[PDB]
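# Working through the structure, step by step
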Amino acid sequence: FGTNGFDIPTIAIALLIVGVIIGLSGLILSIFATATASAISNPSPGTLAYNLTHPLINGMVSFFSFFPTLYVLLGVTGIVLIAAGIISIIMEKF
Amino acid sequence: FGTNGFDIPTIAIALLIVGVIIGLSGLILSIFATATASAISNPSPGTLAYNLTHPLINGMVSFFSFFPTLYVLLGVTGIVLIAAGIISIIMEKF
Amino acid sequence: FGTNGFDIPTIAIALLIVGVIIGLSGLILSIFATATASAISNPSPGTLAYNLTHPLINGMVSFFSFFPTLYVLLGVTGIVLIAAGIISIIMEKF
Amino acid sequence: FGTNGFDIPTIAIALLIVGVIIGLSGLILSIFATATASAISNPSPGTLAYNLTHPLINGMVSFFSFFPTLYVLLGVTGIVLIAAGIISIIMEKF
Amino acid sequence: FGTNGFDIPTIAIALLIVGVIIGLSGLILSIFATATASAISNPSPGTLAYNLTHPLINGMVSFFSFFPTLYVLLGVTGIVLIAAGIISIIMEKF
Amino acid sequence: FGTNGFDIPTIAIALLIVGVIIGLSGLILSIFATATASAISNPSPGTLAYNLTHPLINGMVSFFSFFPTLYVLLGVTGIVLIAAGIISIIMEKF
Amino acid sequence: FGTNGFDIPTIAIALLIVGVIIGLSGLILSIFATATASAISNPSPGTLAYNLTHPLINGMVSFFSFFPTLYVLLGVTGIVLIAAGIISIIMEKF
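Residues numbered from 1 in each chain as written, not as in the entry; some residues may be left out. Chains lettered and ligands numbered in written order. Part of a larger assembly, values for the part shown. Heavy atoms only, no water.

By the method listed in its record, cryo-EM, this PDB entry was determined to a resolution of 4.0 Å.

We now examine the packing of aromatic side chains. For any pair of aromatic rings, geometry is given as the distance between the ring centres together with the angle between the planes. The tally for this structure, following the rule as stated, stands at 28 aromatic pairs over all chains. On the basis of an interplanar angle of 90° and a centroid distance of 6.5 Å, the ring pair of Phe63(F) and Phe64(F) is categorised as edge-to-face. Of the residues examined, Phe64(F) reaches a relative accessible area of 13% and is grouped as buried. Taken together, the ring pairs connect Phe63(A), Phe64(A), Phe67(A) and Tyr71(A) into an aromatic cluster. (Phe/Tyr/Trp six-rings, centres within 6.5 Å; stacked < 30°, edge-to-face > 60°. Buried < 20%, exposed > 50% of the residue type's maximum accessible area, 1.4 Å probe, protein only.)

What follows is about the interface of chain B and chain A. Tallying the contact residues gives 34 residues for chain B and 39 residues for chain A. Together chain B and chain A conceal approximately 3,700 Å² of surface at their shared face, both sides included; 91% is due to carbon and sulfur atoms. At the surface where chain B touches chain A, the tally comes to 0 residue pairs in polar contact. Listing elements by their share of the side of chain B that touches chain A, those giving two or more residues are α1 (8-39) and α2 (48-93) of chain B. Per-element tally for the side of chain B that touches chain A: the top contributor is α2(B), with 24 residues. The class makeup of the residues in the side of chain B that touches chain A is 27 nonpolar, 7 polar and no charged. (Contact = heavy atoms within 4.5 Å. Buried area = accessible area lost by both parts, 1.4 Å probe. Polar contact = N/O pair within 3.5 Å; in protein donor to acceptor, adjacent residues only side chain to side chain. Helix = DSSP H or I, 4+ residues; strand = E, 2+ residues; numbered from the N terminus. Nonpolar A, V, L, I, M, F, W, Y, C, P; charged D, E, K, R; others polar.)

Attention shifts here to the interface of chain G and chain E. Taken together, the contacts link 10 residues of chain G with 10 residues of chain E. Across the chain G to chain E interface the summed buried area is about 890 Å²; carbon plus sulfur atoms make up 97%. At the junction of chain G and chain E, the tally comes to 0 salt bridges. Applying the counting rule to chain G against chain E returns 0 residue pairs in polar contact. For the side of chain G that touches chain E, the per-class residue count stands at 10 nonpolar, no polar and no charged. (Salt bridge = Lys/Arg side-chain N within 4 Å of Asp/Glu carboxyl O.)

This part covers the nonpolar core. Note that soluble globular proteins tend to have their nonpolar side chains buried in a common cluster. Grouped together as the largest cluster of nonpolar side chains are 73 residues, with contacts concentrated most on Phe67(D), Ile82(D), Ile82(F) and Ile90(F). Elements supplying a minimum of two residues to this core: α1 of chain B, α1 (8-39) of chain C, α1 (8-39) and α2 (48-93) of chain D, α2 (48-93) of chain E together with α1 (8-39) and α2 (48-93) of chain F. For this core, the leading source of residues is α2(D), giving 20 residues. Setting aside anything within four residues of it in sequence, one finds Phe67(D) in contact with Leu56(E), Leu15(F) and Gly19(F). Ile11(A), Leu15(A), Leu29(B) and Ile89(B) belong to the second largest nonpolar core, which has 39 residues in total. (Core = buried A, V, L, I, M, F, W, Y, C linked by side-chain atoms within 4.5 Å.)

Residue placement: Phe66(G) occurs in helix α2 (residues 48-93). A sequence separation of 15 residues divides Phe66(G) from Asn51(G), and the C-alpha atoms of the two residues are 24 Å apart.

The calculated volume of the largest pocket comes to roughly 900 Å³. Of all elements in the fold, only α1 of chain B, α1 and α2 (48-93) of chain C together with α2 of chain D reach the threshold of two or more residues within the lining of the largest pocket. Here the residues of the lining of the largest pocket are counted per class, giving 23 nonpolar, 16 polar and no charged. A volume near 590 Å³ is recorded for the second largest pocket. Taken together, 32 residues line the second largest pocket, and the ones lying closest to its centre are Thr36(E), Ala37(E), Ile57(E), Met60(E) and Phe64(E). Listed by contribution, the elements that provide at least two residues to the lining of the second largest pocket are α1 of chain D together with α1 (8-39) and α2 of chain E. Element by element, the count of residues in the lining of the second largest pocket is highest for α2(E), at 10 residues. (1 Å grid on protein atoms, 1.4 Å probe; cavity = no way out; pocket = protein on both sides within 12 Å on 5 of 7 lines; lining within 4 Å. Points joined across faces, edges and corners; volume = space filled by probe spheres on them.)

So this is what it looks like as structure tokens:
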């Protein structure tokens, strides 16, 4: 059901695959992050361990705050792909 | 029943296939998402685990909100295909 | 019973085939959709699972609402085919 | 009584076989589950054995709740098979 | 009594065979289902055994409710076969 | 009763096997966990044995709390398998 | 009186044999069980011998309660055998 490489069943299957993969990734990351939160303690505000450990958790927080826009762009890509497919169909179907 | 590659039985079969595939995808994704919702907990509003986990679920929500327009465009494609078929029939049937 | 490729028995058989195929497709899709409706539940209006699942069912609804016009155009195609047959007969029968 | 591989007696025999197998499976599973229910006890709500045992029975309940939709899809498959048989007969019987 | 492969005695014999096979299948399934009904008990509405056993009987009920339409389609197939035979006779008997 | 490797009797038998295996596993684990609960005692809240033993039972509790989602995913896998079977049948049965 | 291996006299003789064997088994088991009931006594509800002996008689009761469905299935088998014989006769007698 298509012209050259655009196949609606294939597109649906690809959407399925990316959806389940993203769900799994969120699941695994949340489960692991719970263990991370449990493991690390809060020694004190001003002793050696605080100086030793605080920037690491800061980097954790920053990277994980970067994740959302990555996911948003990844979502945007699919609309572009389906659009190029529609345009390609229209170009030489007539 | 056609001219070159436009076959009404083939079109009906393709519509059947895409329909059942989309139904399956929705089914599997909903079943998996229920498990995802069950697995992840809500630690607290302001502790380490919240900072560690919140953006992930935000990305989940965003991507899944992108799904609907993908499905809509995928639906639009079929009208274009059947239209090109009709036009191609009319062009050289007379 | 025809001139070159227009055969009234063949047309009748093709109409039979497309009719039964469309009936089957409707049957199978309805039977599957009943199972889909049974499987998915309604968690709550505002919790995580709702955010995770609602757009999927929205896409389901949209695509299935696109089906009717596809069927209508598919029906329209046959009148065009029989018309081209009639015109072709008249052109060189005299 | 058929064309290539579609045989109504064979289909009837296959329906018989799947029916009796499913009946047996239900019988054996129920008989075993009764013994499971008898064996496991309820120690107390909050002691060590409860923490040790509760998630296991939760997993039991979840999987067994997944069974019904599996059976429903398995039932749906047969209509598809008989339908493909009918279509195949019609295609080249005429 | 026929042309190529359509034989009225053969058709009558095939109808006989499918009829007796279907009667046997119904007989055996009913006899077995009576034993199934006798074997399984009703423990209680809310204890462990109920959670363990209820979905199994639900799947039983669903599949057995799917049987009727299977039988109906199986019956429909024979009219198609005899029809193709009649058409084939008429095509080249004259 | 199938096309290449999808066999409804085989699927039913596989469902039977996985069901009984899971029931057995739950049974054996619960029976063993009862013995574990009986064996270990509660020395005191703050003496040497408490420091020596508490994290072990904590790990016990955590792993056994991980079991349920494992079972849920294991259940989800079967719907995917039966779905791929249905799709494969539909693809080349017509 | 048959075709290949189906012999009505042989079937009647087999029915005779299974009937008398089952009658004998019931007779011997009842006679032995009477002696078992006579031999074992009822020491007391709560002393050592009760703890030592009660589960044994519980297992006795359970197994003997399992017997009936075994007999029922054994009875069901014969209808299947005679049915396969009838079908085999019909298949190639014509």
